[PDB]
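Report on the structure given below.
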Amino acid sequence: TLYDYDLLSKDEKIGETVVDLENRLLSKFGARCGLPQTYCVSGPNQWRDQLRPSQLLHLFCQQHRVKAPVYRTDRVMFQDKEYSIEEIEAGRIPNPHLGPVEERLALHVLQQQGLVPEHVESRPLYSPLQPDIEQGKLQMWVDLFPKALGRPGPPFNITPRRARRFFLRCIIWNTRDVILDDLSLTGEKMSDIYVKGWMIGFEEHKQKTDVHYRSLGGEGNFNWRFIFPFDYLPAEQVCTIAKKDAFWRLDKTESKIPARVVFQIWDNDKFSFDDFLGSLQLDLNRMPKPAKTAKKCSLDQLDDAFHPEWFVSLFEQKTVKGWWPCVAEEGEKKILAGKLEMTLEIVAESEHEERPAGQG
Amino acid sequence: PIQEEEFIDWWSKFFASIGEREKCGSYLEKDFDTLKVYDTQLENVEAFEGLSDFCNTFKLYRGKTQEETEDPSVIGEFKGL
């Protein structure tokens with residue numbers, strides 16, 4: 001039974017259901033448990049066997065009056081038909097998780113039976129006051145692990161995917177080769193040049209580097225790091241927002257946005273007027289790999305529309321660092337408007353606190 | 001703690017199986033089994049005859065065929081063939 005456990009209300013029952021376990025205890029089919037096509041020893045494709053596979057196949061096949069693939073010879077017979085691993089791998093995506101010969105064949109031959117594959121049921125939630133009326137649905141499934149023989153392998157790993165706070169490290173390594181539109185009339189180059197930026201949803205956390213003084217080449221290095229704990233889910237690869245106004249959920253933020261990212265950033269020269277020389281506007285959630293050379297500083301690389309290619313994980317990298325272009329603050333124009341060298345990475349998928357320790 | 005699980009794990013399979021736009025990750029490229037959905041017990045699936053082959057369900061009652069005064073109430077459940 002499901003109940004509504006609020007702090008500001010009574011926990012009235014949301015749903016009711018009754019399950020008869022007998023049908024699962026003595027079922028020969030084995031369809032009662034999730035049965036994935038892929039073989040592994042851990043995860044969604046993990047192997048489940050109380051006994052060595054040659055014994056389970058023997059006992060299972062006796063129940064269904066079929067012949068187990070007990071042979072491991074050049075021509076293994078299953079139900080009087082040719083059986084092999086090559087005929088199993090064929091027609092399938094290559095399996096990085098393929099394990100021991102006896103166990104992998106046992107899973108794959110079991111897949112030749114008319115059994116229910118790995119599944120998630122969505123069950124009706126019936127109220128005690130309205131037993132035939134659903135007040136919602138719940139996604140789940142049930143696996144049985146009989147102790148009658150041996151000890152069946154482990155339950156599938158369903159470690160939840162909820163709200164995350166990715167440790168984005170906006171590290172500014174330098175200011176160099178500064179492009180100015182506000183020029184002096186003396187021929188001497190000078191401006192109040194500093195770097196500013198932030199991640200979407202963190203406008204109140206906007207941060208900037210300090211001002212360089214008595215420096216014409218932009219000499220100096222702050223090495224400042226700005227943290228913007230944005231939400232995201234690698235399982236979905238969807239752009240989401242942390243510090244959500246959706247108070248109703250502590251779960252992962254989800255919303256629909258246009259396929260672009262826009263920031264509200266302006267130059268503010270303390271000794272002049274706002275110079276619209278450029279601003280930093282990057283999409284972290286669908287970010288392309290960083291440039292490692294200044295040779296990428298050209299017109300062909302300014303197109304965000306032409307680089308959706310990296311719908312990939314950058315979370316396997318110990319760092320995601322390199323060059324990115326600035327854009328004139330008149331919208332996401334395909335123009336080079338200043339250059340910045342910085343670190344911008346999504347790493348909390350596997351290393352949230354440990355990876356950042358290498359720098360600070 | 002397996003790094004590969006981002007692309008080969010249950011939850012990535014779950015979201016990709018649902019088919020939500022821009023929320024399936026790259027799991028779609030792994031040729032994974034689409035998850036099946038049932039609104040009732042899997043044991044109620046006709047493919048297995050309701051899993052009543054080893055034992056079916058019967059009930060006993062307290063009523064009588066000889067007289068009208070006995071109350072045909074439900075007593076309990078029996079499993080067998």
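Naming scheme: A, B, ... for chains in displayed order of the structure tokens; residues 1 onward per chain; ligands 1 onward as shown.
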Using only C-alpha atoms, what does the table of chain A residues within 9 Å of chain B look like, with each row giving the shortest atom pair and its distance in Å to one decimal, sorted by chain and ascending number, as a Markdown table?
| residue | atom | partner | partner_atom | distance |
| --- | --- | --- | --- | --- |
| A:19 | CA | B:41 | CA | 7.6 |
| A:20 | CA | B:43 | CA | 8.7 |
| A:22 | CA | B:79 | CA | 8.6 |
| A:23 | CA | B:51 | CA | 5.6 |
| A:24 | CA | B:43 | CA | 7.2 |
| A:26 | CA | B:54 | CA | 7.0 |
| A:27 | CA | B:51 | CA | 6.4 |
| A:28 | CA | B:54 | CA | 8.6 |
| A:29 | CA | B:48 | CA | 7.4 |
| A:31 | CA | B:42 | CA | 8.2 |
| A:32 | CA | B:42 | CA | 6.7 |
| A:36 | CA | B:33 | CA | 7.0 |
| A:37 | CA | B:33 | CA | 6.9 |
| A:38 | CA | B:32 | CA | 8.2 |
| A:43 | CA | B:9 | CA | 5.9 |
| A:44 | CA | B:10 | CA | 4.9 |
| A:45 | CA | B:9 | CA | 8.2 |
| A:92 | CA | B:31 | CA | 8.0 |
| A:93 | CA | B:31 | CA | 6.4 |
| A:114 | CA | B:47 | CA | 8.2 |
| A:115 | CA | B:47 | CA | 8.6 |
| A:116 | CA | B:36 | CA | 8.3 |
| A:117 | CA | B:36 | CA | 7.4 |
| A:118 | CA | B:35 | CA | 6.0 |
| A:119 | CA | B:35 | CA | 4.4 |
| A:120 | CA | B:37 | CA | 5.4 |
| A:121 | CA | B:37 | CA | 4.4 |
| A:122 | CA | B:39 | CA | 5.3 |
| A:123 | CA | B:39 | CA | 4.7 |
| A:124 | CA | B:39 | CA | 6.5 |
| A:137 | CA | B:39 | CA | 8.8 |
| A:139 | CA | B:37 | CA | 8.7 |
| A:156 | CA | B:10 | CA | 7.6 |
| A:157 | CA | B:10 | CA | 6.7 |
| A:158 | CA | B:10 | CA | 6.3 |
| A:159 | CA | B:11 | CA | 7.8 |
| A:160 | CA | B:11 | CA | 7.5 |
| A:161 | CA | B:11 | CA | 7.1 |
| A:233 | CA | B:23 | CA | 8.6 |
| A:234 | CA | B:6 | CA | 6.6 |
| A:235 | CA | B:12 | CA | 4.4 |
| A:236 | CA | B:23 | CA | 4.0 |
| A:237 | CA | B:25 | CA | 4.7 |
| A:238 | CA | B:23 | CA | 5.4 |
| A:239 | CA | B:22 | CA | 8.7 |
| A:311 | CA | B:26 | CA | 7.3 |
| A:312 | CA | B:26 | CA | 7.1 |
| A:313 | CA | B:6 | CA | 8.4 |
| A:316 | CA | B:3 | CA | 7.3 |
| A:349 | CA | B:6 | CA | 8.2 |
| A:350 | CA | B:3 | CA | 7.0 |
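As for atom CA of residue 195 of chain A and atom CA of residue 228 of chain A, they are spaced 16.0 Å apart.
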Using Å and a single decimal, report how far atom CA of residue 145 of chain A sits from atom CA of residue 13 of chain A.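 If I compute the distance from atom CA of residue 13 of chain A to atom CA of residue 145 of chain A, I get 29.3 Å.
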Quick check, in Å to one decimal: how far apart do atom CA of residue 60 of chain A and atom CA of residue 86 of chain A lie?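 Separation of atom CA of residue 60 of chain A and atom CA of residue 86 of chain A: 23.4 Å.
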So that I can see what lies close to segment 259-271 of chain A, please list as a list in words the residues with an atom at most 7 Å from it, counting only C-alpha atoms and leaving out residues fewer than 3 positions away in the same chain. residues 192, 197, 274, 275, 276, 279, 281, 282, 283 and 329 of chain A
Only N, CA and C atoms, please: the residues just picked out, written as a PDB file, in the first residue's frame.
ATOM      1  N   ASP A 192      39.979  48.679 -18.797  1.00  0.00           N
ATOM      2  CA  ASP A 192      39.660  47.941 -17.584  1.00  0.00           C
ATOM      3  C   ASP A 192      39.209  46.541 -17.954  1.00  0.00           C
ATOM      4  N   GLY A 197      31.797  35.680 -15.673  1.00  0.00           N
ATOM      5  CA  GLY A 197      30.907  34.646 -16.195  1.00  0.00           C
ATOM      6  C   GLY A 197      30.175  33.869 -15.103  1.00  0.00           C
ATOM      7  N   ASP A 274      30.639  50.971 -20.994  1.00  0.00           N
ATOM      8  CA  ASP A 274      30.549  49.539 -21.239  1.00  0.00           C
ATOM      9  C   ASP A 274      30.967  49.237 -22.669  1.00  0.00           C
ATOM     10  N   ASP A 275      32.038  48.466 -22.812  1.00  0.00           N
ATOM     11  CA  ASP A 275      32.563  48.129 -24.123  1.00  0.00           C
ATOM     12  C   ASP A 275      32.038  46.776 -24.566  1.00  0.00           C
ATOM     13  N   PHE A 276      31.172  46.768 -25.571  1.00  0.00           N
ATOM     14  CA  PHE A 276      30.557  45.523 -26.008  1.00  0.00           C
ATOM     15  C   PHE A 276      31.525  44.748 -26.888  1.00  0.00           C
ATOM     16  N   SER A 279      31.314  38.594 -24.699  1.00  0.00           N
ATOM     17  CA  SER A 279      30.934  37.935 -23.456  1.00  0.00           C
ATOM     18  C   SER A 279      31.016  36.418 -23.615  1.00  0.00           C
ATOM     19  N   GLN A 281      29.451  32.833 -23.457  1.00  0.00           N
ATOM     20  CA  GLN A 281      28.156  32.163 -23.455  1.00  0.00           C
ATOM     21  C   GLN A 281      28.258  30.709 -23.919  1.00  0.00           C
ATOM     22  N   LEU A 282      28.554  29.798 -22.994  1.00  0.00           N
ATOM     23  CA  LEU A 282      28.737  28.391 -23.348  1.00  0.00           C
ATOM     24  C   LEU A 282      27.700  27.465 -22.722  1.00  0.00           C
ATOM     25  N   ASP A 283      27.348  26.412 -23.459  1.00  0.00           N
ATOM     26  CA  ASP A 283      26.461  25.358 -22.973  1.00  0.00           C
ATOM     27  C   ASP A 283      27.259  24.198 -22.390  1.00  0.00           C
ATOM     28  N   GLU A 329      27.833  40.778 -27.145  1.00  0.00           N
ATOM     29  CA  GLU A 329      26.605  40.696 -26.363  1.00  0.00           C
ATOM     30  C   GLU A 329      25.452  41.377 -27.084  1.00  0.00           C
TER      31      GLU A 329
END
For the helix (DSSP H, G or I) assignment from backbone DSSP, which residues of chain B qualify? Please present them as a count of residues only. 26
Just list as a ChimeraX atom specification whatever in segment 36-75 of chain B DSSP marks as strand (DSSP E or B). /B:36,56-61,74-75
Could those residues be written to a file, using C-alpha atoms, as a compact mmCIF listing (two decimals), in the first residue's frame?
# COMPACT_ATOMS: atom_id res chain seq x y z
CA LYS B 36 8.01 -4.21 -21.02
CA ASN B 56 -4.68 -23.82 -9.26
CA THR B 57 -6.81 -21.83 -6.81
CA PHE B 58 -9.87 -23.19 -5.01
CA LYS B 59 -12.08 -21.95 -2.15
CA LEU B 60 -14.12 -23.71 0.54
CA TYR B 61 -17.57 -22.65 1.76
CA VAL B 74 -15.84 -18.08 2.28
CA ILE B 75 -13.48 -20.06 4.49
Excluding residue 71 of chain B and any residue of its chain fewer than 4 positions from it, enumerate the residues within 8 Å of it, using only C-alpha atoms, and give them as a list in words. residues 62, 63 and 64 of chain B
For the residues selected in the previous step, produce a file with N, CA and C atoms as a PDB file, in the first residue's frame.
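For reference, out_39.pdb as written:
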ATOM      1  N   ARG B  62     -19.106 -22.657   3.640  1.00  0.00           N
ATOM      2  CA  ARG B  62     -19.859 -23.222   4.764  1.00  0.00           C
ATOM      3  C   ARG B  62     -21.343 -23.449   4.484  1.00  0.00           C
ATOM      4  N   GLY B  63     -21.752 -23.311   3.232  1.00  0.00           N
ATOM      5  CA  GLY B  63     -23.163 -23.451   2.877  1.00  0.00           C
ATOM      6  C   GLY B  63     -23.563 -24.912   2.718  1.00  0.00           C
ATOM      7  N   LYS B  64     -24.859 -25.159   2.556  1.00  0.00           N
ATOM      8  CA  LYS B  64     -25.356 -26.525   2.426  1.00  0.00           C
ATOM      9  C   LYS B  64     -26.373 -26.633   1.294  1.00  0.00           C
TER      10      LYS B  64
END
Within 8 Å of segment 94-105 of chain A using only C-alpha atoms, minus same-chain residues under 5 positions, as number ranges by chain: A: 38-41, 47, 52-54, 84-85, 89
